[PDB]
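Architecture and fold: a report
Take a look at the letters that make up each chain.
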Amino acid sequence: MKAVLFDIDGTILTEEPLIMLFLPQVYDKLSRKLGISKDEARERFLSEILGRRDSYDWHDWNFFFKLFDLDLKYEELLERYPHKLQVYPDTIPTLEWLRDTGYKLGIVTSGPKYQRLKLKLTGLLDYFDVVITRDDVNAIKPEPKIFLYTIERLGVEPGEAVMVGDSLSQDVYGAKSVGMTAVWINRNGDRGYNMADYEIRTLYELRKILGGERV
Ligand SMILES: [Mg+2]
């Protein structure tokens, strides 16, 4: 193996604390704008998100801010509250080990350009040889282009790369469809449907899967 590719959200970090912080502000701003209750604003906002699942726009918070013409920019929220982004304890030792061992490291995310800002703010950016977001290829997982462009940039063949992510449809199916090895990270004890080549609970388990020999 020569390269390990990572999903971001739910895989190497979580933005859930930031989501918990800004959603009430969204409900506040939306209810005040539309002259409706905060509960009705919540219903409308969340319904729109659910309605656009599995689509290009689903992975972009700014899409939803813009759709409701709200005075919010996710980049500004990120820069203001970077401590609300939480890096999993198993992330940095794993990236350190992989980089030191000689693996090329890539990010493949269906989120937009601010995903790179999230990596910068959490101190993870510099571990990666390349970071590919939706906005870099005009495509989302599991479209083959987003995986193929990433490994092309890394200079490796698909069979020389492993994808690690928490989404069965985006990460596992996406990676396998272009000939990569697929590792599903399952932090919350969900159902895996017998799909991935390997299933792990934390990134520390990658050491058992890959072994320790330099590449
Ligand atoms: Mg994810």
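Residues numbered from 1 in each chain as written, not as in the entry; some residues may be left out. Heavy atoms only, no water.

Structure determination for this PDB entry was carried out by X-ray crystallography, with a resolution of 1.700 Å recorded in the header.

Listed under "binding site: Mg(2+)" (unreviewed entry) in the UniProt record, and renumbered for this structure, are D7, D9 and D166. A maximum C-alpha distance of 8.2 Å among these annotated residues, which run over 160 residues, shows that they cluster at one spot. In the annotated set above, the residues contributing to the lining of the largest pocket are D7, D9 and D166. Mapped onto the secondary structure, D7 falls in the loop between β1 (3–6) and β2 (13–14). Dropping the residues within four chain positions of it, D7 is found in contact with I12, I107, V108, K141, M163, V164, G165, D166 and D171. Within the structure, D7 has its side chain in polar contact with the side chain of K141 (distance 2.8 Å). Of note, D9 is situated in the loop between β1 and β2. Not counting residues up to four positions away in its chain, the partners in contact with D9 are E15, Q115, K118 and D166. (UniProt positions renumbered as here; feature names shortened; annotations may be inferred. 1 Å grid on protein atoms, 1.4 Å probe; cavity = no way out; pocket = protein on both sides within 12 Å on 5 of 7 lines; lining within 4 Å. Helix = DSSP H or I, 4+ residues; strand = E, 2+ residues; numbered from the N terminus. Contact = heavy atoms within 4.5 Å. Polar contact = N/O pair within 3.5 Å; in protein donor to acceptor, adjacent residues only side chain to side chain.)

Let us look at the coordination of the magnesium ion. Coordination of the magnesium ion by the protein involves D7 (OD), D9 (O) and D166 (OD), with metal-donor separations of 2.3 Å. The sequence pattern describing where the donors of the magnesium ion fall on their chain is D-x1-D-x156-D. Residue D9 is found in the loop between β1 and β2, and its partner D166 is found in the loop between β6 (161–165) and α9 (168–177); the two are separated by 157 residues along the sequence. Overall, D9 belongs to the partly exposed group, its relative accessible area being 26%. (Donors = N, O, S within 2.8 Å, 3.2 Å for Na, K, Ca; no water. Buried < 20%, exposed > 50% of the residue type's maximum accessible area, 1.4 Å probe, protein only.)

Further remarks concern the pairing of strand β4 (residues 104–108). The two faces of the sheet receive side chains in turn, since in a regular strand these alternate between them. By the criterion of burial, β4 is predominantly enclosed, with 4 of the 5 residues buried. Relative to β4, β1 runs parallel, the two being bridged by 4 bridges. Looking at the pairing, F6 lines up with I107 of β4. In this structure, β4 lies alongside strand β5 (residues 130–132), joined through 3 bridges in parallel fashion. (Pairing = 2+ DSSP bridges.)

The next thing to look at is a nonpolar patch on the surface. A surface patch of nonpolar side chains, amounting to about 350 Å² of accessible area, comprises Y173, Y193 and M195. On the secondary structure map, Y193 appears in the loop between β7 (181–185) and β8 (198–200). (Patch = residues over 30% accessible without salt bridge, like charges linked within 9 Å, V, L, I, M, F, W, Y side chains within 5 Å. Areas by Shrake-Rupley, 256 points an atom, 1.4 Å probe, with all protein chains shown as cover. Salt bridge = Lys/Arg side-chain N within 4 Å of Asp/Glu carboxyl O.)

Let us now look at the layout of surface pockets. Volume-wise, the largest pocket comes out at about 880 Å³. Lining the largest pocket we find 32 residues, and of these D9, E15, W58, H59 and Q170 sit closest to its centre. Sorting the residues of the lining of the largest pocket by element identifies α1 (16–34), α2 (38–51), α3 (61–67), α6 (114–121) and α9 as the ones contributing at least two each. For the lining of the largest pocket, a count of residues per class yields 12 nonpolar, 9 polar and 11 charged. No fewer than three residues from each of domain 1 (1–13 + 87–215) and domain 2 (14–86) sit in the lining of the largest pocket. Taken as a whole, the second largest pocket spans an internal volume of roughly 190 Å³. Forming the walls of the second largest pocket are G10, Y88, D166, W184, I185, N186, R187, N188 and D190. Class assignment of the residues belonging to the lining of the second largest pocket gives a composition of 3 nonpolar, 3 polar and 3 charged. (Points joined across faces, edges and corners; volume = space filled by probe spheres on them. Nonpolar A, V, L, I, M, F, W, Y, C, P; charged D, E, K, R; others polar. Domains from an automatic or database assignment.)

Another point: α9. For α9, the complete set of buried residues consists of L168, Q170, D171, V172, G174 and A175. For α9, the elements touching its buried residues are α8 (144–154), β6 and β7. Between the side-chain oxygen at the start of α9 and the backbone nitrogen of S169 there is a gap of 3.4 Å, and the oxygen is on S167. Positioned one or two residues after α9, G179 has a phi angle of 100°, which is positive.

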